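A single chain comes next, written as structure tokens; it is the form deposited in one PDB entry.
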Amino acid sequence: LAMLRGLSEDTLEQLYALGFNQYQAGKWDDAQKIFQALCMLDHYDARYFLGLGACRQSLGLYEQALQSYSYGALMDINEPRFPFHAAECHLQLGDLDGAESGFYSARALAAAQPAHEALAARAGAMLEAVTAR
């Protein structure tokens, strides 16, 4: 954290892409580490909590995932993917109430947003599987 402070936007951007690419290739603990650092270097780029969360998810780290997602949501109240993946976390914690609120928030948030139409559906369908049960 110490000597890596002060980097420019162009570098921060490329660093994220690196984390994102390792995330795709399934190198999740490496990706975690990268996002953790990025979340150290800028506490207002939802993207980095999206990434941190997702790495933890794919790691089986549901509670921890849940924490990133929740802070991200506080930082970007429009991003449907926070309440959506939180809910998949809730589901694996075996918390049906939380998963239902989450898919409901996400479906809602996602419907106003032309970019997220193909996830609004996904949330609506998860929502009615959790209804029962």
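Start at 1 with the first residue shown and count on from there.
There is also a form solved in complex with a partner chain; it is not shown, and the following applies to it.
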Checklist entry - Closest heavy atom of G51 to the partner chain in the bound PDB entry, within 4.5 Å or not? => result yes
With the cut-off set at 4.5 Å between non-hydrogen atoms, does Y69 touch the partner chain in the bound PDB entry?
yes
Quick check on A17: any heavy atom within 4.5 Å of the partner chain in the bound PDB entry?
yes
Next item on the list: With heavy atoms only and a cut-off of 4.5 Å, decide whether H85 touches the partner chain in the bound PDB entry.
Entry: yes
